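Before any questions on how it binds or moves, here is one chain, the form deposited in one PDB entry, in structure tokens.
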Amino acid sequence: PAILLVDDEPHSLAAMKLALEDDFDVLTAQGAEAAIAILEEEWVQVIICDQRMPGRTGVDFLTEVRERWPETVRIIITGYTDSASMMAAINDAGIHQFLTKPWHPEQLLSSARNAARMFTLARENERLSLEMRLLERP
């Protein structure tokens, strides 16, 4: 499964991809609409999304991601981290973690890695419980 990166600024998006591509299959989208189109057509484990994008915010986009694909791990990149209403929006959206803007490359890589590990572990957990049913009960 892929990591999907969503950012309206082309150079930030490209640099984020460069940071992760030695470690993950990377998909990129320039805004929420393009990103939803990718989520509908590709298998995505982790979404990293910028908050401030023309039109639809990352918080709104990721709120919908939680609704339609709740097993994804969802990360938001945002400034105004000292804003209690920003923080309350991120929590209400079911976002797993935020990264402070300008995103820190080492921190982004670690978040993507920890996020992918949580995803793998949860998918393996499900598979193991299902295989136990195919062994137990008859």
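For clarity, a rigid core is taken as the largest C-alpha set superposing within 1.5 Å between two forms. Note that residue numbering begins at 1 and tracks the sequence as displayed.
Below: the form deposited in another entry, not depicted.
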| item | value |
| --- | --- |
| Residue showing a 2 Å-or-more C-alpha displacement between the shown form and the other one once the rigid core is overlaid, selected from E42, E106, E67, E33 | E106 |
| Yes/no, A19 Cα shift of 2 Å or more between the shown form and the other one with rigid core fixed | no |
| Cα displacement of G94 between the shown form and the other one reaching 2 Å, rigid core superposed | no |
| Displaced residue check between the shown form and the other one: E124, CA, 2 Å or over, core reference | yes |
| Pairwise C-alpha change, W103 versus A32, in that other deposited form against this form - closer or farther, 3 angstroms or more | farther |
| Cα-Cα trend for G55 and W103, given that in that other deposited form the distance shifts by 3 Å or more | farther |
